[PDB]
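Residues in the sequence shown are numbered consecutively from 1, following the deposited numbering. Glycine included, every Cβ here is placed at the ideal spot set by N, Cα and C. Below: one structure, written as structure tokens.
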Amino acid sequence: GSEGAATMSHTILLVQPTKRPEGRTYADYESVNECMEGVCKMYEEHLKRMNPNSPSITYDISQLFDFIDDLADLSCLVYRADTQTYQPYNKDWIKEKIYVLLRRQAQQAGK
């Protein structure tokens with residue numbers, strides 16, 4: 001039961017390895033971190049196969065981005081209630097959030 005309150009934004013996650021339309025797909029999330037999550041996953045899943053025992057996986061956060069480059073171009077849409085609009089960012093912006101997404105994901109503070 002119980003029901004408080006909490007508002008979030010609508011982020012969009014897409015992936016573009018090549019130029020062809022067949023391969024690129026978009027997703028939807030609530031938080032920015034989550035959005036990025038879909039990205040990191042890309043690697044994780046790709047790691048799983050490589051690391052079976054890997055219960056939680058583990059690798060260089062930079063080595064993960066080594067796969068983001070291979071792609072054609074990674075982008076993300078951030079919704080700013082400010083003007084209720086979506087700003088098309090670059091992969092770098094994602095390569096940054098993701099990293100930070102792993103920062104908090106760990107501990108950081110834990111409020």
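Query	Result
Proximity to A72 [Cα-Cα], best of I98, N51, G23	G23
Simplified DSSP state of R103, which is helix, strand or coil	helix
Bridge partner(s) assigned by DSSP for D82	According to DSSP, which records beta bridges pairwise, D82 is partnered with nothing at all.
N53 versus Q105 - alpha carbon distance	21 Å
Coarse secondary structure for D66, derived from DSSP in three states	helix
Whole-angstrom distance between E44 and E96, CA atom to CA atom	17 Å
Residue range of the unbroken alpha helix (DSSP H) whose run includes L47	32 to 50
C-beta atoms of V15 and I98 nearer than 7 Å	no
Counted within 10 angstroms of its Cβ, other Cβ atoms place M36 as buried (16 or more) or exposed	buried
Counted within 10 angstroms of its Cβ, other Cβ atoms place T11 as buried (16 or more) or exposed	buried
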